[PDB]
Protein chains: 2
Amino acid sequence: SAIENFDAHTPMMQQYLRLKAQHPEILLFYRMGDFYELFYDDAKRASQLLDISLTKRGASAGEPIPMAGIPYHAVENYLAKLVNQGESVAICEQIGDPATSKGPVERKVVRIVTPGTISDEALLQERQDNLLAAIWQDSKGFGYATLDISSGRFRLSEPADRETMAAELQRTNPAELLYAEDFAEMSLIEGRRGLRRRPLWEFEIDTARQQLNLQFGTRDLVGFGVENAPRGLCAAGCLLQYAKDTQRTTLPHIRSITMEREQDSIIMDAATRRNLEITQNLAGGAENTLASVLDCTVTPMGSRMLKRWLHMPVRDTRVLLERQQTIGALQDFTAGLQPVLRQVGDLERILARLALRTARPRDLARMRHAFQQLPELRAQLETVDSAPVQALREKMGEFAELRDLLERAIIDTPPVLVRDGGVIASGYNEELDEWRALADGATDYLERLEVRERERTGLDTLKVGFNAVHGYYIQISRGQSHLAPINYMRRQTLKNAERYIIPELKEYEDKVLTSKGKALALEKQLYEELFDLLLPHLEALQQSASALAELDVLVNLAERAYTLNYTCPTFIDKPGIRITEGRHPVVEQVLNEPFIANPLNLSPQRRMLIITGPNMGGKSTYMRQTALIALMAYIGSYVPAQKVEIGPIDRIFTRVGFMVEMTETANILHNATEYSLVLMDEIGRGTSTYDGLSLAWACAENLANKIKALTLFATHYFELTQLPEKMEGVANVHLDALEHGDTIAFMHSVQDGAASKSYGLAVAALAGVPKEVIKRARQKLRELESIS
Amino acid sequence: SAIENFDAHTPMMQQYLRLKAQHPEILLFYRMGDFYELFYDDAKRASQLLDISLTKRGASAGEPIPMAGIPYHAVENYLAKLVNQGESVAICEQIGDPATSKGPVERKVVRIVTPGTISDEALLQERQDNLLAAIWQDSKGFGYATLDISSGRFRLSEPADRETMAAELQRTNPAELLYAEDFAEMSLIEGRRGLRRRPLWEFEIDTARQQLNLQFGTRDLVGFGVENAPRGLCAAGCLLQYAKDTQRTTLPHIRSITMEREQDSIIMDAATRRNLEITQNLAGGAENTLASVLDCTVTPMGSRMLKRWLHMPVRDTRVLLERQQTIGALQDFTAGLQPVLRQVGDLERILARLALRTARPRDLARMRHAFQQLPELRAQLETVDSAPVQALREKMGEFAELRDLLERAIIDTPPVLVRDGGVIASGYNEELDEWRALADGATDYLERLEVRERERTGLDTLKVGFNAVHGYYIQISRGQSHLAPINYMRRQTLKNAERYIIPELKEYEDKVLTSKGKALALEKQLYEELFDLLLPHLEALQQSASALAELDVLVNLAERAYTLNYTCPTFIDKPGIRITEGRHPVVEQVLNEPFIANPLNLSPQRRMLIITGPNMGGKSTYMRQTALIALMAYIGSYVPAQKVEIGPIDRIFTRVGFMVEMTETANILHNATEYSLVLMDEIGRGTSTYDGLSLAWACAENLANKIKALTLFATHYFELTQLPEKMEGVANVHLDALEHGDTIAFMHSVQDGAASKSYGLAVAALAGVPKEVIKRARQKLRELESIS
DNA sequence: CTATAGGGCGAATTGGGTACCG
DNA sequence: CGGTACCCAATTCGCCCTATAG
Ligand SMILES: Nc1ncnc2c1ncn2[C@@H]1O[C@H](COP(=O)(O)OP(=O)(O)OP(=O)(O)O)[C@@H](O)[C@H]1O
Ligand SMILES: Nc1ncnc2c1ncn2[C@@H]1O[C@H](COP(=O)(O)OP(=O)(O)OP(=O)(O)O)[C@@H](O)[C@H]1O
């Protein structure tokens, strides 16, 4: 029974209706007492997801008001439930003091919790980076921006066309994606989690030019080389405004912008990245991954940087030569380095929470702790003789004065909430300890009087205690509550007792609660000053974290290299991969049986290898080993081979395993070049066998006559093995399974040629078919090959 | 630690050591209170599997004794755990009262719980038959015996050689298998669950001749035509003795022996069975099965008989013509038949438990209930005019006197255990009701006194109750346990009260528990008499169950026929299958879009059909449709086609898919004849395309030149399409997927010829490869078919 | 005696109670 | 003033646990 004109509503709902009207397409948490109350349609959705009982707010006005509510202290739990569902939610809070506000207390939206801007640790998987991005389409191309709000890392790109958008979208995997109403290609956008449609006026170039310059404080974006790419800047502006709108505050940690160049990275198509199983397998699990066997790192920061480095393999040689020399020098001390680096903690996400002024003292404990670990690191690092190691040593800095300030201004092990205090250490603010002296004077007076009044009145059941609602009392049991002096003022009546107050206790109760509130407000006001003291050096702290986890990677890649006997690979100028004693990493790390290793050669000349041989012969594992070495070479780490020599590579194509097969193949033969490594796993195997033949036969010839890429074709066809006689670049290689007696063995060893008579003609003799039938095959096997 | 000679042990362990010595190769459950205590090596194995804590019993003997124990009431749970692992276990009990043995109470093995003889319903999957078998090898041949202890159905066979042993072993799937120490072929035996080695003297012919005759009560086994097959009889004898030994009692339900003739059944090889997904899919589940679609049977017995019928398709025409006419006549009344037949219950397993004297009253409820449903069945069946229906009506019988006895001697809804009584109804034994009168006098006296003593003492918290260990008490709360009269004798010191006894209550508690034990022992003694009353007619009851579930099948098939439009198929004398509007049963029951139906013809002449065409085009499902029709023709049911004409069939060979492929192919081409239906599916799958070609090409030619069987070859190879020009009997059939514009359709329609241009050359244009690459395929697709 | 197995001893807690509140 | 935020308290349920005598 609801009429809802502006006037008809009560002053509290009039205030909410305007606040909800600002953000009407998203849910709101509205502070009231100790509960965030939801109303009408919002109360309905909340009841479905949060599974909280849908109730109705009392209709004093007249109109029905569907209502739901959740406790303020447990908000984060429900926020997590909503964030998994990709539900955007606004948080609004009482800004003014309700006593001084005659009308409804001044409420304002404090933050907008979106899947992109979740900076709260509870909502962030520790070894996964959370990202926020928007996307724009012009007739020529697309403007894709990204911001790691949890780090301040801000990126941008102008990818050429639709297929590269998908590669970028999977590689980023943005838990939240903003876009514009005019976006034409709606296949790519639909199905993405936390999908947001936006107004067109937000993607204006002029607004972006000014906004980006204002946030950085630099007059020209020329300082970061982004000026010459306006399409991407537009998305940045909306993202920066969206981030600003969602956090309602300045973002000074976001101090820079960078252009992710296609030229400066290996372009892996989305599909190739599903087959490599870099961090996530085909099944969607985190088992049998390159990451798991390459990852034994101490800090989550280090794992993320590793996962980023894997997704973004770098192409410049200088950066690789710098890293290898460092890892080689660290190898000896790894034993002493790994333990100290573990107590560093999540500095990157800590600094960002500090930047947003939303860091909590348990984070400040990890910060001072990391500050304590730095000097011993500097000591162990000083003895090391290599140029980048001393550079990394300088970059961590000292921050010793800040550590002293923290040790002076925080206790050793702090609580999670500032609301109850006991955070700041004793001797920093003499006034703090003056107010805490009255708090510690609670212990003695209460018991001292509890014995004093017990001695005076002569009542042995006399107990002094504190009730949150009734303040400080004296509890005389019902058996003695008639011998209580006239002085003892009745305060509360109980089941088995009676509670009394005197002006002396009331005077103590007044001074203690006031001194408490004085102590706590001072603690909060100083807790703000801690941010004010440390904010100046935030740029240097952000440089410190950018080196610490940049060291964690270099120490693990040394521990793994020493443990798995990996060797550093030299970079050469010509595209071409030469491997000696090659061992696939993931298999040789989950197999009781030893991995028989195999050398591989790829060159301007050894570009194409046809792989044949029996099923269950691991025809597949031989190729995955090359691609993963080629990837590891360009992350700058060592390789599980005696020696690897790598040539520069622009793109890695792969289709492990019809409609889906031709799409990714068509994609490769249009976008592959001379610097491309292609890895066909099965090809021309759709049906018929005279149809798939006319597909793959041509596919390889085009991959080795024009694209001139490198390929490790795995083909069941025995007719694609005549390519070397017809085409230059191709070379047959075969994985042979041996047969002694009635047992087949899996050698997974790689050699030259392939076998006309198959192990099948011999397998036919094992559990033998009638002798005429096996003879009849021999007659036909001879006939097929001979006529050809 | 001490000497372990016979004397050194304590009297209890001396008794156990001799008992264990009788059965030392199997575990024992030794009755020692609820916990059947297990010792030494047994305690070790128990701790590993039952996951019960391995402890050590005190060394009274002087040597440390390891020990485990499990409660008697929860034995069945641990028995199930052991049965799944195939672990045989003996159950021993204190049979003689403590007086029978001066030392430890007489203890005898009551039963040997083996995976074969599990008659307990809890250990039997309701819709799966449990079996028990032995196998001994002789120079002449193998003797394979089987006993369905849960039914009394006892079979025997003398299979020729090894390959048929495996087919029989899988078809039976004996949860347990017994064999002889001299057994040569140990590949077949190893890997089977609950594997048992036995002494040689058990497989003597003379002992078997006498033992089988003694059990049947027939002077000559000539009464069942088994005399002329001694090898099989030997295994029977051991099995009969093993069954006898395992149950320690007579087996009068096992009243007959039968020789399973290869001639009188369709011989399905083990492998074929796993592919047609008859009861169990490739994945091992019970979903998407012929069973799942053909099984809405109203009693599990009916599903088992269906599954048996499926697993043993019958060959004699008379039995089929009998069944079809019956199902056709039943079709009209199916609506009225299905509900009444549901209340029948598991009569077959019930009668066997009754026979073993191990039936439980919950089973007797289903028996009397089925007896009540018979007259209304006889009424509905009387109006039906067909010869076998009236014959089936006679076979169920009346058993009206037994129903009257059961209605007089069992209550409506009985409990599971006889241990607590309340089973037998009131008016049968006047002495029972005399003892039950004291039991029903428990309700009034307890509450009458509870108020009487409450009125006398003046204590309002006075409660009269019964604790199993402390007997009958009076509970006075701790607040009033000091006002309790001196008469009230303290019994139990409760945590919040005190429990008292007086001689009046004790006198009542004595007379009630004695009268209980008198009532209960009488209930058990009469519960024996129930078996003694029904045992004479057990042969007729076993004939009744053999018709009831044999009716459930004939009504379920009629229902599923009316619903899915199944039509009766005529039998012809020449082997050959003609199908019109053929509809595969499972897919048209799990597929949203319409299953398109398709006709098929198989004859002395149309014996071979090569199936080609696109992948995801049902190259495979159309062949599975024919085999399942051919099977369902020889179970005697209707078929999901307008009309089916079937010719007699001896064997259904089916390979659906290297080492494993050639074994079952070899097996077919040795054991296939003129009456064989073969379904090579994806054959010639040699990983080398050239290799597999030489294999299947010859396989088909041999299947159509000498074996002269019927085949539905599903082949990806497009070279096997030239057979009709080379070989008579072969005929190409193709399932075409259409391509109009940029959409591919799944017609699932069967026509003549094959598609030379494949959907792939068109699919290449969709999500198009470079125009040169698609052109290059055309060039090659033309080249491959033209050269041929 | 030496084991388990029903009995002893807490122990969390959830559906009401109880004001209450701008 | 119509729910609503805060407040229990006597349990049913979970976890020990401690007996003595053929
Ligand atoms: N170097 C090696 N040494 C020992 N075992 C190996 C080696 N490489 C692989 N294997 C094992 O042998 C198995 C071969 O089976 P797999 O299915 O991978 O064969 P495949 O020929 O790659 O199959 P497909 O032809 O379907 O791609 C692997 O799964 C792995 O367990
Ligand atoms: N009669 C039908 N009409 C329409 N769709 C069908 C029909 N039968 C099956 N389908 C659907 O089309 C799919 C075709 O795949 P299916 O596995 O049957 O192909 P197949 O050629 O038998 O495969 P394979 O050659 O690998 O054995 C089925 O999975 C099902 O979803």
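Analysis parameters
- Note on numbering: positions run from 1 along each chain as its sequence is written and may not match the entry's numbering; residues without coordinates are not listed.
- The naming scheme follows written order: chains are lettered A onward, ligands numbered 1 onward.
- Remark: hydrogens and water are excluded; side-chain values derive from all non-hydrogen atoms of the structure.
- UniProt positions are given in the numbering used here, feature names are shortened, and annotations may be inferred rather than shown by experiment.
- Only DSSP runs of H or I reaching four residues or more are called helices, and only runs of E reaching two or more are called strands; each is numbered from the N terminus.
- Note on classification: 1.4 Å probe, protein chains only; a residue is buried when its accessible area is under 20% of the maximum for its type, exposed when over 50%, partly exposed between these limits.
- Two residues qualify as a contact provided that any one of their heavy atoms is within 4.5 Å of a heavy atom in the partner residue.
- Here a polar contact means two N or O atoms within 3.5 Å. Within protein one must be a hydrogen donor candidate and the other an acceptor candidate, and residues neighboring in sequence count only if both atoms are side-chain atoms.
- To estimate the expected span of a helix, count its residues, drop one, and scale the result by 1.5 Å.
- Least-squares superposition on the C-alpha atoms is how the copies are aligned.
- Only heavy atoms are used to decide nearness, and a residue is near a molecule or strand if one of them lies within 4 Å of it.
- Residue burial considers only the protein chains on display, and all accessible areas are found by Shrake-Rupley using a 1.4 Å probe.
- For this classification, the nonpolar set comprises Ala, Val, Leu, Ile, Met, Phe, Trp, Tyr, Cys and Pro, the charged set comprises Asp, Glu, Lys and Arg, and every other residue, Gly included, is treated as polar.

Structure determination for this PDB entry was carried out by cryo-EM, with a resolution of 4.4 Å recorded in the header.

Undergrad: What exactly am I supposed to notice about the UniProt feature "binding site: ATP" (unreviewed entry) in chain A here?
TA: According to UniProt, the "binding site: ATP" (unreviewed entry) feature falls on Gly613, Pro614, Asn615, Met616, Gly617, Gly618, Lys619 and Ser620 of chain A. Topologically, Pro614 of chain A is positioned in the loop between β21 (608–612) and α21 (621–633). Judged by its relative accessible area of 10%, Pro614 of chain A falls in the buried class. In contact with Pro614 of chain A, other than residues within four places in its own chain, are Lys619, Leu735, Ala737 and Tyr759 of chain A together with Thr687 of chain B. Summarising the element assignment, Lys619 of chain A is placed in the loop between β21 and α21. Among residues more than four places away in sequence, those in contact with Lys619 of chain A are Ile611, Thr612, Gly613, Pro614, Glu682 and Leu735 of chain A. Within the local environment of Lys619 of chain A, its side chain forms a polar contact with the backbone oxygen of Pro614 of chain A, the two atoms lying 3.1 Å apart.

Undergrad: Looking at this structure, I do not really get helix α20 (residues 538–563) of chain A. What am I missing?
TA: An α-helix turns once every 3.6 residues. As a result, residues three or four positions apart point the same way. With 26 residues, α20 of chain A should cover 38 Å at 1.5 Å per step; its first-to-last C-alpha distance of 37 Å lies within 8% of that length. Most of α20 of chain A sits inside the fold, with 19 of its 26 residues counted as buried.

Undergrad: So what exactly am I meant to see when it comes to the relation of the copies chain B and chain A here?
TA: Think of it as a corkscrew move, a rotation about one axis and a shift along it, taking one chain copy to the other. Least-squares fitting of chain B to chain A yields an RMSD of 1.8 Å, with the superposition described by an axial translation of 3.2 Å and a rotation of 180°. Both copies present the same face, since 93% of the interface residues in chain B are matched by interface residues at the equivalent positions in chain A.

Undergrad: How do you make sense of the site of ligand 2 when you look at a structure like this?
TA: Residues and elements named next belong to chain B. In the vicinity of ligand 2, 13 residues are found, and the nearest of them are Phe595, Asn615, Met616, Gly618 and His748. Taking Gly618, its main chain carries an N or O atom lying 3.2 Å from an oxygen atom of ligand 2. In the model, an oxygen atom of ligand 2 is placed 3.2 Å from a nitrogen or oxygen of the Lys619 main chain. Protein chains shield 69% of the accessible area of ligand 2, which is 630 Å² for the free molecule. Here the residues of the shell around ligand 2 sort into five nonpolar, six polar and two charged.

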